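First to last, the sequence lines map onto chains A and A'. A prime marks a further copy of an entry chain. Residues 15 to 398, numbered by the entry's author numbering, are exactly what the first sequence covers, in order. Residues 15 to 398, numbered by the entry's author numbering, are exactly what the second sequence covers, in order.
Protein chains: 2
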Amino acid sequence: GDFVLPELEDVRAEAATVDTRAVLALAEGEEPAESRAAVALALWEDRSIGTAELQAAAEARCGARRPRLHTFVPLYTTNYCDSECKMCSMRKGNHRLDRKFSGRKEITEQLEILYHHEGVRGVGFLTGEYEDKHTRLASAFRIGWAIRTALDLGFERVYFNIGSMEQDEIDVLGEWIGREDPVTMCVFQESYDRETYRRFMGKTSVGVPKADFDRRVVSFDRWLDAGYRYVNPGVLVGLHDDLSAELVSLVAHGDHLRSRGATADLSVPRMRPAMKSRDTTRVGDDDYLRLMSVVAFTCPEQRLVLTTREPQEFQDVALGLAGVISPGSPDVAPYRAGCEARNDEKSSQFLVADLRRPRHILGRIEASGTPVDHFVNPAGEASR
Amino acid sequence: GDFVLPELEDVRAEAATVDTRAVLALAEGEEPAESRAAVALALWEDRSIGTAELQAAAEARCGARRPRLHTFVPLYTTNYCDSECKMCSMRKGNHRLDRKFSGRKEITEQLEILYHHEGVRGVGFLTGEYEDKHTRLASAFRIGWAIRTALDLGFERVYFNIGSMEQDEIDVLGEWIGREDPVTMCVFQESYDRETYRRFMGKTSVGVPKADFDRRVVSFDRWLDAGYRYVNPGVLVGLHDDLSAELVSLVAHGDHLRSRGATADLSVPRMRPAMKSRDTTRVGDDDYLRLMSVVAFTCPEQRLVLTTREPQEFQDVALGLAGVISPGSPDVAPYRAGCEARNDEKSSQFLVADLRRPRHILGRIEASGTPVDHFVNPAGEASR
Ligand SMILES: Nc1ncnc2c1ncn2[C@@H]1O[C@H](CSCC[C@H](N)C(=O)O)[C@@H](O)[C@H]1O
Ligand SMILES: Nc1ncnc2c1ncn2[C@@H]1O[C@H](CSCC[C@H](N)C(=O)O)[C@@H](O)[C@H]1O
Ligand SMILES: N[C@@H](Cc1c[nH]c2ccccc12)C(=O)O
Ligand SMILES: N[C@@H](Cc1c[nH]c2ccccc12)C(=O)O
Ligand code: SF4
Ligand code: SF4
Ligand SMILES: [Br-]
Ligand SMILES: [Br-]
Ligand SMILES: [Br-]
Ligand SMILES: [Br-]
Ligand SMILES: [Br-]
Ligand SMILES: [Br-]
Ligand code: NA
Ligand code: NA
């Protein structure tokens with residue numbers, strides 16, 4: 015019943031049998047005869063199909079999706095963490111980080127800034143992941159409170175990204191919300207390759223919570239078992255060298271979730287500068303656009319999430335592939351009325367490339383011709 | 015500015031100079047010429063004054079206090095703990111304990127049972143004490159929420175007992191309440207003797223949070239610095255062999271708090287059966303009544319707290335010395351409408367002697383002629 019990692023050799027064999035040109039010729043709303051993972055791999059490896067042509071096909075295939083875009087802004091509620099992810103500044107061993115924690119007042123103030131000054135109706139709550147059961151339950155409780163508070167304020171969509179979750183931890187968070195509430199669980203697997211995963215997230219049975227690959231990857235299944243709906247798997251582009259392996263796994267994971275009746279967003283964030291203990295792979299724009307294209311094409315009902323990790327120039331090229339645009343900063347309580355968000359190296363998870371205010375970024379997107387759901391431009395008669 | 019432990023040799027010298035008979039002859043509202051600690055020690059050591067006669071004097075001296083009694087019922091919100099107190103079942107090393115955690119729903123349900131079925135308007139929230147800063151802040155956040163929730167429900171007095179507190183942890187809890195709210199910080203020093211303290215609470219600098227004697231003992235001063243008012247120091251009777259030492263220290267601590275403008279309750283709980291890793295001293299009823307008497311006499315504006323650690327027969331004899339009566343159970347979410355509270359050895363901090371419902375105990379006290387503030391007997395027209 016839980017997600018099972020696909021056999022990469024089995025998918026490769028199936029991918030050899032798909033007609034990539036026939037696939038591209040499919041009408042919007044038509045599904046290939048082969049599995050999505052196989053089709054994605056075949057499109058990826060068929061270099062006779064240009065990335066530019068693949069991207070155009072993807073944007074066309076996802077064209078009828080409504081709304082075209084919606085948005086949420088991240089709010090890191092703390093930068094404490096018990097884990098040791100080597101590509102992340104929040105790793106416990108990073109003694110150089112200035113550890114911060116948002117209380118009731120600060121979280122509420124941040125929500126109110128986002129709602130009224132940035133004009134957004136989507137928010138995401140983030141924390142580190144913690145080792146001992148009590149801290150995990152207490153974190154779930156606090157984030158559950160934040161989610162409930164955001165919804166009561168009028169936020170129309172709430173994401174959370176607080177590490178893997180077991181059944182009792184979901185129980186604690188769930189007492190704050192209803193089964194039909196617009197709440198999305200985010201748990202990026204980072205890498206579906208167990209060896210690369212261990213290299214960056216560490217070895218198990220030593221008080222490093224995220225090292226447990228299996229607890230993490232079945233978190234969505236526990237979520238769905240509890241009766242919820244919205245999920246957000248992800249791959250961190252730059253960890254594993256073989257992107258074809260990761261796209262097969264991610265598409266397979268999304269496909270599993272879809273089969274369970276889940277609504278899934280798909281995240282493929284690319285690496286950003288941080289206080290790392292191990293360097294990573296720089297993935298070029300072309301490979302990355304090709305990755306986004308095959309995933310978006312093969313999973314047309316599952317929105318890709320694009321964030322301000324990426325510079326303005328890249329957003330301009332890739333926005334057509336996304337279903338969710340998410341501007342913001344991975345610093346703790348970084349927002350302030352009329353000011354750009356803080357992205358201090360001393361306390362942030364990583365350094366983002368685009369620090370322009372969410373309402374400017376989202377305003378320019380709307381001005382360019384694409385409406386953004388869960389964004390209410392604080393302009394004209396809608397201004398205070 | 016912070017509390018300084020009195021020199022026991024200096025107090026002993028002063029106690030030798032007080033006229034214990036003249037002290038007993040003092041009118042109610044009149045204060046001895048010597049310090050309270052010295053007077054308490056002298057009364058304690060003057061065996062020509064019987065315990066029975068000392069108790070009568072204490073009950074008389076505290077007789078004009080209004081209200082005579084008020085009440086609160088404890089609610090343990092979790093039995094997780096990071097510390098290692100050797101006389102407590104909740105010590106981290108006790109692997110036999112069934113660890114529990116109350117979420118939003120359970121805490122609220124417990125509050126509603128206490129309010130409506132037991133008819134109480136006072137509640138206390140308790141947790142273990144935790145090591146890492148994030149867990150401490152998260153615990154402070156959750157308990158702050160509970161306190162705010164209780165007050166909103168109509169509770170007129172709220173205690174909390176969640177371990178030592180630093181300035182930032184108080185900040186987090188404080189965002190839930192106002193400076194004038196009826197909220198009492200409880201931090202029982204257990205023993206003011208540093209050696210006995212180390213024997214039971216453990217040695218410092220090894221991830222055992224309560225081992226830090228000094229952080230614990232100045233928690234009230236941080237509370238008062240933040241602008242709050244109500245405090246509750248305590249001694250665990252049975253740890254230190256020399257009760258005269260502990261009563262000098264406790265009375266001195268209460269006196270310090272009083273000088274800062276604080277309103278203080280005084281707790282002298284006696285040891286109860288638990289899953290201990292070190293046995294303790296059994297203190298007889300006479301010594302214990304004498305202890306309560308000299309503390310109550312010398313600190314007439316500071317209410318002693320009497321709890322259902324003690325059996326019914328002892329409450330009957332000692333109730334006249336108390337200003338706070340606190341029935342309940344030290345199990346996690348133990349209350350249930352129409353049923354006696356749970357005190358399961360598998361999950362409780364210790365075993366209490368009196369498990370009768372709070373409303374029965376408090377009802378019998380009122381029937382006997384003593385009103386209990388913050389108790390509304392759910393009877394007659396006040397019943398649903
Ligand atoms: N250096 C970096 N650059 C860009 N993204 C990063 C990054 N380090 C981590 N991330 C991404 O940020 C995402 C959410 S922040 C992590 C939340 C939570 N502690 C968890 O690990 O589940 C992670 O899933 C990871 O993919
Ligand atoms: N075995 C036992 N019998 C009776 N009281 C006990 C006990 N063990 C601990 N206690 C008391 O219960 C009180 C509150 S429960 C402890 C709360 C918090 N973890 C803290 O230690 O500060 C403690 O202060 C202690 O004095
Ligand atoms: N890193 C999280 C939260 C997030 C959303 N948008 C962002 C922009 C910048 C930094 C972090 C974010 C995610 O990708 O879901
Ligand atoms: N032990 C805490 C809480 C408490 C109040 N009344 C009790 C009765 C039984 C057990 C615990 C309690 C205290 O003495 O303040
Ligand atoms: S990715 Fe998440 S779990 Fe890993 S170190 Fe960073 S905050 Fe902690
Ligand atoms: S007395 Fe408090 S701090 Fe000590 S073990 Fe028990 S719950 Fe933990
Ligand atoms: Br649209
Ligand atoms: Br990088
Ligand atoms: Br909206
Ligand atoms: Br009275
Ligand atoms: Br005992
Ligand atoms: Br009342
Ligand atoms: Na909009
Ligand atoms: Na009453």
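Built from N, CA and C at the ideal position, the CB exists for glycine as well.
Any heavy atom of ligand 10 closer than 7 Å to the Cβ of residue i?
i	result
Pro-81/A'	yes
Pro-385/A'	yes
Looking at ligand 4, does it come within less than 7 Å of residue i, judged from the CB to the closest heavy atom?
i	result
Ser-343/A	no
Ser-233/A'	no
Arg-323/A'	yes
Using a threshold of 8 Å, state whether the C-beta atoms of residue i and residue j are closer than that.
i	j	result
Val-386/A	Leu-128/A	no
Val-201/A'	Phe-234/A'	yes
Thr-218/A'	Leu-253/A'	no
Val-262/A'	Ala-30/A'	no
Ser-307/A	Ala-39/A	no
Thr-85/A'	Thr-122/A'	no
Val-282/A'	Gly-248/A'	yes
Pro-372/A	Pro-341/A	yes
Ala-276/A'	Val-231/A'	no
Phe-174/A	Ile-157/A	yes
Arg-236/A'	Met-285/A'	no
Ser-97/A	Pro-223/A	yes
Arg-135/A	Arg-193/A	no
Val-32/A'	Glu-21/A'	no
Can you tell me whether residue i sits near ligand 12, meaning its C-beta is under 7 Å from at least one heavy atom of the ligand?
i	result
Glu-132/A'	no
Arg-135/A'	yes
Could you pull out every residue in the same chain whose Cβ sits closer than 7 Å to the Cβ of residue i, ignoring the five residues on either side in sequence?
i	result
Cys-313/A	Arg-50, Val-265, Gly-268 and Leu-280
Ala-78/A'	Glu-42
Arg-356/A	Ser-343, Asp-345 and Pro-348
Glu-183/A'	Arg-150, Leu-151 and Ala-154
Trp-58/A	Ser-258, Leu-261, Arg-304 and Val-308
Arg-26/A'	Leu-55
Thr-294/A	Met-101, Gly-252, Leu-253 and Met-285
Examine ligand 1 and report whether any of its heavy atoms sits within less than 7 Å of the Cβ of residue i.
i	result
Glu-204/A	yes
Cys-102/A	yes
Going by beta carbon distance, what residues of the same chain come within less than 6 Å of residue i, once the five residues before and after it are set aside?
i	result
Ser-291/A	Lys-100
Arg-317/A'	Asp-279, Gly-337 and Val-338
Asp-226/A'	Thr-218
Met-199/A'	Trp-237 and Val-245
Does any heavy atom of ligand 3 sit closer than 7 Å to the C-beta of residue i?
i	result
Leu-125/A	no
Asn-93/A	no
At a cut-off of 7 Å, would you count residue i as near ligand 11, judging by its Cβ distance to the nearest heavy atom?
i	result
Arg-286/A'	yes
Can you list, in chain order, the residues of its chain with a C-beta nearer than 8 Å to that of residue i? Leave out the 5 residues immediately preceding and following it.
i	result
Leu-111/A	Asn-93, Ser-103, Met-104, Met-289, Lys-360 and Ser-361
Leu-271/A	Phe-17, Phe-234, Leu-238, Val-245, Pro-247 and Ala-278
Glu-204/A	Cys-99, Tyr-211, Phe-214, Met-215, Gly-248, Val-249, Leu-250 and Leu-253
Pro-287/A	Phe-364 and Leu-365
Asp-300/A'	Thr-65
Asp-185/A'	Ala-240
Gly-107/A'	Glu-98 and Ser-291
Should residue i be counted as a contact of ligand 5 given a C-beta to heavy atom distance under 7 Å?
i	result
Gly-142/A	yes
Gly-177/A	yes
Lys-147/A'	no
Under 7 Å from any heavy atom of ligand 6, does the C-beta of residue i make it?
i	result
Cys-200/A'	no
Closer than 7 Å to a non-hydrogen atom of ligand 2 - does that hold for the CB of residue i?
i	result
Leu-261/A'	no
Is residue i near ligand 9, going by C-beta to nearest heavy atom under 7 Å?
i	result
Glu-170/A	yes
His-388/A	yes
Next on the checklist: Would the segment 361-379 of chain A' count as touching the segment 321-333 of chain A' if we require 3 or more Cβ pairs under 8 Å?
Outcome noted: With a cut-off of 8 Å, the segment 321-333 of chain A' and the segment 361-379 of chain A' count as touching, because enough Cβ pairs lie within range.
Checklist entry - Using 8 Å as the threshold, is the segment 89-97 of chain A in touch with the segment 136-149 of chain A, meaning 3 or more CB pairs across them? => result Three or more pairs of CB atoms, one per stretch, sit closer than 8 Å, so the segment 89-97 of chain A contacts the segment 136-149 of chain A.
Checklist entry - Does the segment 107-121 of chain A touch the segment 325-344 of chain A, meaning 3 or more C-beta pairs lie closer than 8 Å? => result A contact is defined here as three or more CB-CB pairs under 8 Å, and the segment 325-344 of chain A fails this definition with respect to the segment 107-121 of chain A.
Next on the checklist: Can you confirm whether the segment 50-64 of chain A touches the segment 149-166 of chain A when touching is taken to mean that 3 or more C-beta pairs between the two stretches lie within less than 8 Å?
Outcome noted: Cβ pair count under 8 Å is below three, so no.
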